[PDB]
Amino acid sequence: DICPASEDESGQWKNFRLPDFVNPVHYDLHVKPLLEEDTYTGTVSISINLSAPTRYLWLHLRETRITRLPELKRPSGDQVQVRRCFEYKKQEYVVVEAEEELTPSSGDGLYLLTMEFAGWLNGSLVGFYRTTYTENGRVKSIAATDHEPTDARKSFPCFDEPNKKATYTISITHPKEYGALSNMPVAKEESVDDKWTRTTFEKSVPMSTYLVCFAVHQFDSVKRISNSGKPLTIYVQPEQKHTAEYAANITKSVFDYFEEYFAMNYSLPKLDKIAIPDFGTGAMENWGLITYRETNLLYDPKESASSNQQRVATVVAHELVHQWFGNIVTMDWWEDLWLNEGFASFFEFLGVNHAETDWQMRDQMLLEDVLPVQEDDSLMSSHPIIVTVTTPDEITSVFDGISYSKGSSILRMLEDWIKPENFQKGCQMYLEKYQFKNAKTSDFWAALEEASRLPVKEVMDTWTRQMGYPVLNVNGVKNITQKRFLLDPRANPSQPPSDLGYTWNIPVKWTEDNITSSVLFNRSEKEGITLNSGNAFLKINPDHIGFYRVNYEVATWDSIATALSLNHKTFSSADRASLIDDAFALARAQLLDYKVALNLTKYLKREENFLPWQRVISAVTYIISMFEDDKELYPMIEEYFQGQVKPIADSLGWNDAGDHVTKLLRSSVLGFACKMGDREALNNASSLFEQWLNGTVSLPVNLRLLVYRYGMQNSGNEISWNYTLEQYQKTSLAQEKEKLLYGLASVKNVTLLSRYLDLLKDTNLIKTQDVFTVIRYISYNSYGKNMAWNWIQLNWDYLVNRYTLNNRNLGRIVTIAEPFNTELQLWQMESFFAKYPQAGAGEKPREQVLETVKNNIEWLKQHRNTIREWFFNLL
């Protein structure tokens, strides 16, 4: 009402980006939630450094309203006359026109802008919100904030860009039964009423708005102390207190490891972690107060799987990295988001590897980030690491595989090329140089270029300023040439236009007879290079350390297949995974005959290692899904691959024994046996499931998911479906809940899956954070594939209203259409998209899933006969 919306565009507030001449210095922020009412109010006073004459001052605000005329102050301290205030929706600004204009910030004096605001705590997982949980039968409340990337402006009025760093003193007025948390320690607590408390926090170091965080809670805590002597504590519901132990351990270990590794002190006096009962992302690195989804923080050794353990450790490590990369040093603009996310995605492996020794984490990078993202980045609809973003929707969209996984992957290649020691010392220099400020990608190359004097900028720009990656084509064992690798052979390889023209400076490594060599393959060597004795076989790209694929001569590929059949151990586990991965991606791209790819799978009855099985399972999953309704090809692909895993599946058995990696192997190998229709593996699943239904037996933790899924799929009915739904409500462990939801999604019953889809609208049953997870689970169901797809269409307006088009997970939900492979299905997709053309954060996902489905159609046309022949002839 007070600051009405205006469509007045004649001003700098029409610009998407904030002006250069205004830099906030300090925020005085006070908020008072009315928890039971789902409302809050607040006042914020912002000290402002002004560098140019202006009659207007503007900053970010969304949904939350200004309640009183804003108040401005001269740097001398006099009150400034204010004509109007107005909201400018198009760029999410609230604007105040002063009478005057004056431009001073010459001394140490600053302008002071004070604002009164009111917002809502309901209907959302972003900004400042409230959610509930049950304790001893009572409904309890917790309120918290979540801001990245452009939601701090929903919590309170602010200069909501990552490079507008300011300092923060936060205070909260809350009921006395509640504790209050923020970035900094508690400074002072004073009684407002006999009912209310005002908790003021100590001044923060300069930080970005997206990192500002506060919470009101009645959580218990688990405590540890760093080598630094600083308190590291995890806040947790009393009921769940025991499940905070493991996260506490890893926080300590990884906190101590990083502080030493980066040669830099953590900037704050304390560090807190807390899982909000309903939380919109995986986790958020809010400085000193890291928020989690319970599945990524809370772990029960008696109920949770090894997979869960590793996820907890990795997310914790991830969030810790940000305390340095992201928090101390922040990217200047979202285009450089990889400086945050890629670094966290890289160092997370180093952190966990220190904490957990026999986890083979460094190798697992290949499975987690490298190989999955080489799939993503082989589409035309990928994007370069440094990404132009011009709207909040575009900004949030780039929190994706490219920023995280390709970021992680090109740092992994960079480290190896530049040597670990120099990468380490280089990261340190960068960290001290830009501390409490912002950096660009160029700034990081330069830092490392001091640690090596190698041509870092020249080489790494090629991996960073254009999308995609090369395949190395091998001629005569020894000559290599580079070419852009695209999954679609019809696609124009020069598009979209790149100044670098899709050629790369490739740090190339190879193994000649257990001796390793290195060369920088230069862009300007247009006709390729020759790898520098008396050689019959060159192993190019060991451990898949470089972000590229190698296409050997067909003769060599044939010789590899035979070498594997004779003694697969001649190659390392990673090398096997890599050769298998490249071959099947090359076959997918029409760059290598499928017979040649499939020949590499012949040895598998003797494969015992995690990495190769994982990348085999990935390759087969795609191929099998393309032939799902081909009653000619499918049984043959099934019979064969069932035969190939049966020995390892049988050998490991249906029982939790062995180390971490073995237990992970068993899960995926037994899962694949089930998937391939192994009667004995399905019988184990059904038997255990039947036992679990008897309500006593606690299933082996690493078998649970498989038993819920294949158990429900093969012998589930209404009685066991209802039982499983009750169990899901009754368990406190989020990690168990999530498995049970996958179980529920696995029933072969349209009526039950319809009931399940209806539950998505019931917030008493499915949490807001879990809706897209469930839709995705249902889409994996041979009935639910089309059911989930139909439901998101029928309920699209409902979802948009619930989540907004700025929600990343909603944008991505269309990827449930990935397995589609007919012209009819493609037309369905295009028809739906044309009906709801406002895609928001779903713009890129739509482009990607369309390209995928078009590739599928083409793939089937090109390869059905070849693959049929290979299987028929073999069988």
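From 1 onward, residues are counted along the sequence shown. Between two forms, the rigid core is defined as the largest C-alpha subset superposing within 1.5 Å.
Asker: Kindly name the stretch, out of 742-750 and 96-104, whose CA atoms are displaced more from this form in 5 other deposited structures of this protein after the core superposition?
Answerer: Farther from the shown form on average in 5 other deposited structures of this protein: 96-104.
Asker: If I compare the deposited sequence with the modelled residues, how many are absent between residue 532 and residue 533: none, 1 to 3, 4 to 9, or 10 or more?
Answerer: In the deposited sequence, 4 to 9 residues between these two have no coordinates.
Asker: Once you work out the mean C-alpha B-factor for both 460-468 and 752-760 from the entry, which is higher?
Answerer: If you average the C-alpha B-factors of 752-760 and of 460-468, the larger mean comes out for 460-468.
Asker: Using the B-factors recorded in the PDB entry, average over the C-alpha atoms of 52-60 and of 826-834, then report which stretch comes out higher.
Answerer: So the stretch with the higher mean C-alpha B-factor is 52-60.
Asker: Take the CA temperature factors straight from the PDB entry and tell me which of 429, 289, 142, 633 peaks.
Answerer: Largest recorded C-alpha B-factor: 429.
Asker: Can you pull the Cα B-factors for 452, 642, 668, 735 from the entry and say which is highest?
Answerer: That would be 452.
Asker: Taking the values exactly as deposited, rank residue 809 by C-alpha B-factor within its chain and report the matching third: lowest, middle or highest.
Answerer: According to the entry, residue 809 has a C-alpha B-factor in the chain's lowest third.
Asker: By the recorded C-alpha temperature factor, relative to the other modelled residues in its chain, which third is residue 18 in?
Answerer: For residue 18, whose C-alpha B-factor we compare with every modelled residue in the chain, the answer is the highest third.
Asker: Per the entry's values, where does residue 280 land by CA temperature factor relative to the rest of its chain, in the lowest, middle or highest third?
Answerer: According to the entry, residue 280 has a C-alpha B-factor in the chain's lowest third.
Asker: Which third of the chain does residue 336 land in by C-alpha B-factor: lowest, middle or highest?
Answerer: For residue 336, the deposited C-alpha B-factor lands in the middle third.
Asker: Where does the C-alpha B-factor of residue 99 rank in its chain, lowest, middle or highest third?
Answerer: Its C-alpha B-factor, which the entry lists for residue 99, ranks in the highest third among residues of this chain.
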